[PDB]
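Each of the two blocks below gives one form of the same protein chain as structure tokens; they are labelled structure 1 and structure 2.
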Structure 1
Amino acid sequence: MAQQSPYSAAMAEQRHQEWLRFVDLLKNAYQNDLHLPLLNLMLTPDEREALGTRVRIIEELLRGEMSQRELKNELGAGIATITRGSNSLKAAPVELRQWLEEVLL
């Protein structure tokens, strides 16, 4: 099978453990109301600003997709209503259709 040298396996295992220890360290900082000073210790001012900007970009990407999905579903529902209205008019009883023309003058 696709294996790897014991050097690369140790580097990947240390990299994994170091990342898990960061996530757990920040989790306990949130539970002790100490996440704000820890983030200032872990991140430079430019890196914190980059993270805030990335949150805005994600919001702008999600809202752009949502409005695009709503526009697609609105046009599809509008077409579905026209086709369903046409079929319902052709399937309607003649008494109803005869009366609908009289209201149209």
Structure 2
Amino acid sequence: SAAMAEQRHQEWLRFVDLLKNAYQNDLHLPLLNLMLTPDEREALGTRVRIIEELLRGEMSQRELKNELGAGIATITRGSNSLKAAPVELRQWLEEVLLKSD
């Protein structure tokens, strides 16, 4: 249903915009503690590390599984989503997540 998809999209943007405003008001931490579960906070921290290591290029995917405790399916999702991302985002992530050499 296109109508239901439109409703889901509007609801998602409401979250995005709410959080934007929370950051501007220094309310982001309490908002994220309200809106997410502990397990989802843990998952998001792990996903940042997966991205950082995929961009770095030192560890193979099976080495990452072993080192981070994340399964191969999880790592593969990360890799495919990173390959699909806009170049501008990948370039920015390389600037922010990796140390200068």
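So that the term is clear: the rigid core is the largest set of C-alpha atoms that superpose within 1.5 Å between two forms. Shifts are known only where both forms have a C-alpha. Residue indices: 1-based, along structure 1.
Comparing C-alpha positions between structure 1 and structure 2 after a rigid core fit, one residue in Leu61, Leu41, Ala77, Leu51 moves 2 angstroms or more. It is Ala77. Taking 2 Å as the criterion, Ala92 counts as shifted between structure 1 and structure 2: its C-alpha moves by at least this amount when the rigid core is aligned. After superposing on the rigid core, the one stretch of 3 or more consecutive residues whose C-alphas move by 2 Å or more between structure 1 and structure 2 is 65 to 105.
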